[PDB]
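Novice: experimental structure below, sequence on top.
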Amino acid sequence: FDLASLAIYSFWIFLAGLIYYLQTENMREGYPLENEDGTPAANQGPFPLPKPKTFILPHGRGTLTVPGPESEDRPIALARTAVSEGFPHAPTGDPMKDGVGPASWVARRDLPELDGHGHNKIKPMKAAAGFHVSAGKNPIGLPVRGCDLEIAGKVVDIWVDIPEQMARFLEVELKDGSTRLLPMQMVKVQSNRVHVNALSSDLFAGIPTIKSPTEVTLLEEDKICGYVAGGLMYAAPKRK
Amino acid sequence: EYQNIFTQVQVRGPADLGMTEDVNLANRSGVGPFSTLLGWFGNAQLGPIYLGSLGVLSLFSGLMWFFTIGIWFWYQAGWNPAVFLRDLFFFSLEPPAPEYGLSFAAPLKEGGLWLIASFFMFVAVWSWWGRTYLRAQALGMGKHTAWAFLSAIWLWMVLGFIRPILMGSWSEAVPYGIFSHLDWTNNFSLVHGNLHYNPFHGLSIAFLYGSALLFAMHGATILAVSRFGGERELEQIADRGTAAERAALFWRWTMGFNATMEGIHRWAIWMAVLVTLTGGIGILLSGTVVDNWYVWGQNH
Amino acid sequence: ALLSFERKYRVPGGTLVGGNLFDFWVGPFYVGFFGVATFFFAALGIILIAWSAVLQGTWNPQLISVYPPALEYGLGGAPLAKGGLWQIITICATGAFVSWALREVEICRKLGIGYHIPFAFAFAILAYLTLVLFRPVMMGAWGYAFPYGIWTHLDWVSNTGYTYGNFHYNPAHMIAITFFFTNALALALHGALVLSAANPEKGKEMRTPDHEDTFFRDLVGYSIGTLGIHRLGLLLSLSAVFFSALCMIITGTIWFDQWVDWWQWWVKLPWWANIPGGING
Ligand code: BCL
Ligand code: BCL
Ligand code: BCL
Ligand SMILES: CC[C@H]1c2cc3[nH]c4c(c3C)C(=O)[C@H](C(=O)OC)c4c3nc(cc4[nH]c(cc(n2)[C@@H]1C)c(C(C)=O)c4C)[C@@H](C)[C@@H]3CCC(=O)OC/C=C(\C)CCC[C@H](C)CCC[C@H](C)CCCC(C)C
Ligand SMILES: COC1=C(OC)C(=O)C(C/C=C(\C)CC/C=C(\C)CC/C=C(\C)CC/C=C(\C)CC/C=C(\C)CC/C=C(\C)CCC=C(C)C)=C(C)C1=O
Ligand SMILES: COC(C)(C)C(=O)C/C=C(\C)CC/C=C(\C)CC/C=C(\C)CCCC/C(C)=C/CC[C@H](C)CC/C=C(\C)CCC=C(C)C
Ligand SMILES: CCCCCCCC/C=C\CCCCCCCC(=O)OC[C@H](O)CO
Ligand SMILES: CCCCCCCCCCCC[N+](C)(C)[O-]
Ligand SMILES: CCCCCCCCCCCC[N+](C)(C)[O-]
Ligand SMILES: CCCCCCCCCCCC[N+](C)(C)[O-]
Ligand SMILES: CCCCCCCCCCCC[N+](C)(C)[O-]
Ligand SMILES: CCCCCCCCCCCC[N+](C)(C)[O-]
Ligand SMILES: CCCCCCCCCCCC[N+](C)(C)[O-]
Ligand SMILES: CCCCCCCCCCCC[N+](C)(C)[O-]
Ligand SMILES: CCCCCCCCCCCC[N+](C)(C)[O-]
Ligand SMILES: [Cl-]
Ligand SMILES: [Fe+3]
């Protein structure tokens, strides 16, 4: 039993404790596990729930303590398809409008994300003094085309992440005069158009609207992005 | 569809001079030029950079180390520029011979110069470590970066300082040379009976492989949910969004468990620092406690 | 059991094969058609490993080793005990790896996320097939593949490498190593940076991503950004594995000497090749 053996044995003991620690740290969200009816599950696993920690959020936004009582804080328009557990829950209405499945959105705070100085992180370029397109194709003015190869509108502005100097949304003007935001990660900027494969032209108007023309809240971002991503599954019939 | 590997449309605005906190603004340079090239992949802004006493000390000390190895290579090249470029990768600055032991009395051309270079490298790295600490401290951040850096310094300290001292000879240190330090690594394994059978070497490999596994998982995961703003991980920690939920659920459905937006970065930092943590232990035991890892391994 | 927020995502759809026949979960695991395939190959391959252990006469995991056929068998089939089990297990392993990736794709579709994860996993599969399929076939014998054993497969790495002197001198091997080291360097920094912002000094509010950018500009004068670092991490780990398969597919197929000799073109350029002095003069 030399020093090397003692070292490799000590390390494996240390590693087991590290894993136990890492796994509990990754249980501060979504636990305790629930049954499909919302009640707590009997089998919660061999790892206990971690003890609460507290983050102090900047800009007087309060404090978050995790773990804590969980809540969706929104209705879920789904229904069981089987007595036993493990089967899909089927939408009871329009999943895109009800925000379920790939169209899901989380009930985040109805507030905009802020930068280090307390200003809105995301802003339309028309309201961002000094910002411009420096490389690539400028999409402003281009027609926006859906997966049905119809035009839904034209790009009128870009919403930029100012601290990161990055384009995050295209503001698209619809045929009826209003506008919507399109995630930058879900569009294709081409030479003569912007193509959105996730939605059909007649589904742009259904994108959730923002309540202020110069800012977007975390809740609105989740609703907008969820709706667009949900189009990949629920707008497939009109995809040419 | 769009994959978000390269930016489609770059946008540029007034340079970001950065957060202030308790940073001494006197030691920050001006802003450098923007790089459209880097803008396709990340941020295009270069600078500003902070330059205090440690940074100046580290930088100067690091250039002396670089210059010391250099004049040696020029000396081995007979001061001929052609021979220099030809044999650049073959030049080597070796430590003192075993006969000098741990003495600093080796002449310059028989390990004396290797000791001078090692001194400059020693100051450059440790002063740079203090830099990673004070830079986080000036901004009120945690010191995770400084502690992760210690793990790399640990292996570096074992290879060229701690283990040689325990062996009683600077000749056990690594030489300064492209090809020469590769050869040193090969001979080290052969002398100690195959490092494949050093269990701390095998652990080190598992964590090296595991770092590429985990960063591919995490990088791919964040890009897959960047359509939900998933890379804004700090705000996803303070206010879980659909990005964090879809990411966690993909892996739960795939392999039976999942991480949180914060907890995945504790997996990452530990996966990485354990590479050099176990490696430094494995090297430290080679020759001091175990002469032959293969033979030692058969008895267990 | 479900996570508190999980039910709203457990909808039907997204499969590629079988429609809704395999569209369900077993505990946390999603099945799908390719989950059944994965289970089929994995169970079959594990039974063969257990059988190979019986033919070998041990149930010690540290000793079990399934060897490929002898070189004389070329690329033909071999008897089970004489390499056939390695062949069938290799087929099962490939089946499981591929089924696993297509299962991930089905999960991406149901969750409406990108396909980046299975795409990255395909690179690890490519590296495996490079060592057990592409390189053996190009060399003309399954025996050039590596054995399935905890320790014997390390001896293979050593035997193969030392056939070409010091494998360190394989120039593609250097590039792959550079990416492996840089990847771990980047993973450590990224994990440390997020934690340092989310867990600041005592008596301090949570930091912002601007603090992360400012910290790295202060440190090395450049910050790649929150998005770029995840692009970078993906690129570093994949490029490492890419140049790994590259440094092996060329070994024994278009290069047969010791890898140090590959560096002679630089040294022996007819102009400075004869200049006296230096290391090579
Ligand atoms: C990559 C280039 C070489 C090679 C070179 C080396 C070297 C050199 C070393 C290893 C080591 C290991 N290798 Mg190998 N290895 C190769 C191909 C493989 C393959 C494969 C199917 O292609 C597998 C499954 C393994 C598996 C393993 C593990 C036993 C061990 C730690 C790896 C690790 O944690 O990685 C990172 C992965 C993770 C952190 C995730 C967890 C993965 C777990 C550990 C996998 C367990 C597999 C299990 C033992 C086998 C399957 C069981 C079935 C039920 C039958 N090797 C090829 C031929 N490998 C090390 C060791 O200690 O060996 C004894 C070591 O020193
Ligand atoms: C013939 C070769 C031998 C062998 C001999 C050795 C030896 C000898 C060593 C390793 C080590 C390692 N080997 Mg081995 N190794 C072999 C086969 C393998 C195989 C394989 C596929 O078979 C693999 C995957 C590995 C993998 C590894 C790593 C896990 C490990 C290095 C960790 C690391 O991150 O280092 C990279 C990180 C560092 C070196 C840390 C340095 C940090 C310092 C602080 C940075 C200085 C900065 C400086 C100022 C530069 C400035 C530049 C700026 C840009 C300006 N080896 C065979 C059996 N191996 C090491 C180890 O730990 O072994 C257990 C080691 O010492
Ligand atoms: C004495 C040995 C020689 C040498 C000879 C070789 C040889 C020979 C090879 C390498 C290869 C590699 N070497 Mg070398 N090498 C040496 C020294 C080193 C040193 C060092 C510090 O000295 C380093 C850092 C490296 C580094 C490396 C990497 C570039 C590469 C291994 C990664 C890879 O391919 O992954 C690829 C990843 C995989 C193969 C994993 C795939 C996993 C699959 C897809 C899934 C597995 C699932 C699993 C079974 C399921 C388990 C389920 C359970 C539930 C857990 N070598 C010395 C000089 N090296 C290898 C290479 O390039 O391979 C392509 C290789 O074959
Ligand atoms: C390409 C970049 C890196 C990477 C990425 C990567 N790996 C991945 C993924 C990604 C992105 C996944 O999505 C997937 C995953 O789910 O990870 C959690 C995975 C994965 N990477 C894994 C392992 C792994 N990856 C490795 C490497 C890498 N993975 C690269 C470095 C390594 C090594 C050695 O470096 C290993 C060991 C698995 C944990 C997982 C894939 C699991 C899977 O495919 O499951 C289906 C298969 C089974 C359930 C069992 C199959 C049993 C066989 C039929 C019998 C055994 C055959 C085998 C050949 C025996 C030989 C063993 C001996 C060598 C000891
Ligand atoms: C920010 O976003 C992120 C998350 O959310 C917020 C994450 O959660 C993760 C996941 C990462 C972790 C949880 C870290 C730990 C994992 C590591 C170190 C990888 C190494 C993992 C392992 C060694 C475990 C591998 C286990 C398996 C592959 C499972 C074994 C396979 C089984 C049981 C078979 C599959 C089962 C079926 C098909 C069902 C049964 C079928 C029948 C027919 C009966 C990442 C990357 C992430 O960025
Ligand atoms: C025209 O070109 C000029 C001349 C200008 C140049 O500048 C060209 C220069 C070059 C091309 C330089 C090229 C550089 C290299 C090839 C360096 C290669 C280095 C490595 C592969 C890594 C080796 C590092 C490993 C070692 C041995 C590190 C030693 C670190 C120790 C922890 C420090 C040990 C300390 C000692 C012995 C004493 C010092 C004092 C104390 C109190 C500790
Ligand atoms: C101007 C000179 C160019 C730079 C000098 C060379 C030194 C960098 C080398 C290797 C580390 C790679 C850096 C990547 C690590 C970044 C960690 C991270 O998470 O950064 C994300 C973002 O910056 C937070 O907002
Ligand atoms: C005889 C003991 C030899 C060392 C055995 C290894 C166990 C300790 C490893 C972890 C070191 C502690 N740390 C710094 C990572 O928290
Ligand atoms: C069951 C025996 C385990 C002994 C070793 C335990 C290691 C704990 C790991 C510490 C994790 C990080 N921490 C708590 C230091 O911040
Ligand atoms: C290196 C391998 C990592 C080991 C991970 C082991 C922890 C898995 C936790 C399973 C229990 C989680 N669950 C089902 C209760 O949510
Ligand atoms: C040498 C291994 C170092 C461990 C790496 C992980 C660091 C965890 C410690 C967090 C630091 C806490 N604090 C208050 C200093 O910021
Ligand atoms: C933090 C993640 C932990 C991952 C643990 C991976 C364990 C790999 C086991 C490698 C085998 C080592 N050994 C001692 C047998 O040579
Ligand atoms: C050592 C690596 C192997 C362990 C990997 C994790 C095992 C599956 C995760 C647990 C989830 C399934 N469970 C326990 C809820 O039935
Ligand atoms: C499911 C896809 C299988 C194709 C790739 C399999 C590679 C292994 C080849 C083993 C050779 C076996 N056999 C019978 C052809 O000699
Ligand atoms: C050889 C392994 C086979 C499995 C690889 C899986 C690749 C998934 C990529 C799907 C491509 C979807 N797309 C076009 C949106 O990128
Ligand atoms: Cl400084
Ligand atoms: Fe991250």
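Specialist: Now that the structure is in, tell me what you want to look at. Numbering: from 1, shown residues only, chains lettered A, B, ... in the order given. Ligands and ions are numbered 1, 2, ... in the order given.
Novice: since we're on the nearest residue to residue B:183 once chain neighbours are set aside, how many residues are nearby?
Specialist: With sequence-adjacent residues excluded and distances taken as CB to CB, 6 or more residues apart in numbering or on different chains, residue B:183 is closest to residue C:166, at 7.1 Å. (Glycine included, C-beta is placed from N, CA and C.) Number of residues near residue C:166 (other CB atoms under 10 Å in any protein chain shown) recorded here: 18.
Novice: got the contact list for residue C:166?
Specialist: Residue C:166 is in contact with B:182-183, B:186, C:258-260, counting by CB atoms under 8 Å, 6 or more residues apart in numbering or on different chains.
Novice: which of these count as buried?
Specialist: Among those, those that count as buried by neighbour count (16 or more other CB atoms under 10 Å in any protein chain shown) are B:182-183, B:186, C:259-260.
Novice: mind telling me what element the residue nearest to the spatial centre of chain B is part of?
Specialist: Centroid check for chain B by CA atoms, centre = their mean gives residue B:152 as the closest residue, at 5.8 Å. Using DSSP states H and E, residue B:152 sits in helix B:144-157.
Novice: what packs against that helix?
Specialist: Counting contacts by 3 or more CB pairs under 8 Å, 6 or more residues apart in numbering or on different chains; DSSP states H and E, helix B:144-157 packs against helix B:112-138, helix B:263-285, helix C:171-198.
Novice: so which bits of the next helix or strand after the shortest one are buried?
Specialist: On the C-terminal side of helix B:263-285, the closest following helix or strand by DSSP H and E is helix B:293-298. Neighbour counts using 16+ other CB under 10 Å place B:293, B:296-297 of helix B:293-298 among the buried residues.
Novice: any part of helix B:293-298 near ligand 3?
Specialist: No. Using CB under 6 Å from any ligand atom, helix B:293-298 never reaches ligand 3; the gap is at least 12.9 Å.
Novice: so who does residue C:220 touch?
Specialist: residue B:49.
Novice: can you list the domain ranges for the chain.
Specialist: As the question left the chain open, I've gone with chain A. A:3-91, A:101-235 (curated CATH domains).
Novice: my bad, the chain I had in mind was chain B
Specialist: Following automatic domain parsing, one finds the domains of chain B at B:1-51, B:53-191, B:202-285.
Novice: which of those domains sits closest to ligand 4?
Specialist: Minimum separation from ligand 4 across the domains of chain B (CB to the nearest ligand atom) falls at domain B:202-285, 3.4 Å.
Novice: and the one residue in chain C that gets nearest to ligand 13, how many residues sit next to it?
Specialist: Proximity of chain C to ligand 13 (CB to the nearest ligand atom) peaks at residue C:27, 4.9 Å away. For residue C:27, the neighbour count with other CB under 10 Å is 12.
Novice: that one against residue B:256, yeah?
Specialist: Yes. Counting by CB atoms under 8 Å, residue C:27 does reach residue B:256; the two are 7.3 Å apart.
Novice: quick check: closest non-adjacent residue to residue C:206.
Specialist: Nearest non-adjacent residue to residue C:206, counting by CB to CB, 6+ apart: residue A:55, 5.0 Å away.
Novice: then residue A:205?
Specialist: Using CB to CB, 6+ apart and skipping the chain neighbours, the partner closest in space to residue A:205 is residue A:174 (5.9 Å).
Novice: which part of chain A gets nearest to ligand 14, residue-wise?
Specialist: Relative to ligand 14, the nearest point of chain A is residue A:86 (28.4 Å; CB to the nearest ligand atom).
Novice: what's the longest strand in chain A?
Specialist: Identified as the longest strand of chain A according to DSSP state E is strand A:151-161.
Novice: buried sites along the following helix or strand past it?
Specialist: Elements were assigned by DSSP H and E; along the chain past strand A:151-161, the next helix or strand is strand A:166-174. Neighbour-count burial for strand A:166-174 flags A:166-174 (criterion: 16+ other CB under 10 Å).
Novice: grab the nearest non-local neighbour of residue A:213.
Specialist: Distance criterion CB to CB, 6+ apart; nearest residue to residue A:213, sequence neighbours excluded, is residue A:124 at 7.6 Å.
Novice: ok, the residue of chain B found nearest ligand 8 to ligand 7 distance?
Specialist: The nearest approach of chain B to ligand 8 comes at residue B:277, 6.0 Å away (CB to the nearest ligand atom). Distance, residue B:277 to ligand 7, by CB to the nearest ligand atom, to the nearest Å: 19 Å.
Novice: what's around that residue, how many residues?
Specialist: Residue B:277: 21 neighbours (other CB under 10 Å).
Novice: returning to what we had before: next step: the contacts of residue C:166 restricted to helices.
Specialist: Counting by DSSP state H, the contacts of residue C:166 place B:182-183, B:186 in helices.
Novice: what's whichever residue of the stretch 151-281 of chain C sits closest to chain B in contact with, if anything?
Specialist: Relative to chain B, the nearest point of the stretch 151-281 of chain C is residue C:228 (2.7 Å; CB to the nearest CB). Applying CB under 8 Å, 6+ apart, one finds that residue C:228 lies in contact with B:41-43.
Novice: swap in 6 Å and give it another go.
Specialist: B:41-42 (CB atoms under 6 Å, 6 or more residues apart in numbering or on different chains).
Novice: quick one: the helix or strand hosting it to chain centroid distance?
Specialist: Using DSSP H and E, residue C:228 maps to helix C:226-249. Per CA atoms, centre = their mean, to the nearest Å, the displacement of helix C:226-249 from the mean C-alpha position of its chain is 10 Å.
Novice: does that helix come close to ligand 1?
Specialist: No. Judged by CB under 6 Å from any ligand atom, helix C:226-249 stays clear of ligand 1, getting no closer than 7.1 Å.
Novice: show me what the helix or strand following that helix packs onto, helices and strands only.
Specialist: The helix or strand immediately downstream of helix C:226-249 is helix C:264-267, counting by DSSP H and E. Helix C:264-267 sits against no helix or strand, with contacts defined as 3 or more CB pairs under 6 Å, 6 or more residues apart in numbering or on different chains; DSSP states H and E.
Novice: not counting sequence-adjacent ones, nearest residue to residue A:176?
Specialist: Closest to residue A:176 by CB to CB, 6+ apart is residue A:205, at 7.3 Å.
Novice: and of the ones in helices among the contacts of residue C:166, the nearest to ligand 16?
Specialist: The nearest member of those to ligand 16, counting by CB to the ion, is residue B:182 at 33.1 Å.
Novice: okay, now the spatially closest residue to the closest one that is not a sequence neighbour: neighbour count?
Specialist: Distances taken as CB to CB, 6+ apart put residue C:168 closest to residue B:182, at 4.2 Å, once the chain neighbours are dropped. Residue C:168 has 17 neighbours, counted by other CB under 10 Å.
Novice: residue C:168 is in contact with residue B:183, isn't it?
Specialist: No. Look at residue C:168 against residue B:183 with CB atoms under 6 Å: they stay out of range, at 7.9 Å.
Novice: ends of stretch B:70-84, how far apart?
Specialist: Separation of the first and last residues of stretch B:70-84 by CA to CA, to the nearest Å is 10 Å.
Novice: okay, buried residues for it please.
Specialist: Using 16+ other CB under 10 Å as the test for burial, stretch B:70-84 gives B:72-73, B:76-77, B:80, B:82-84.
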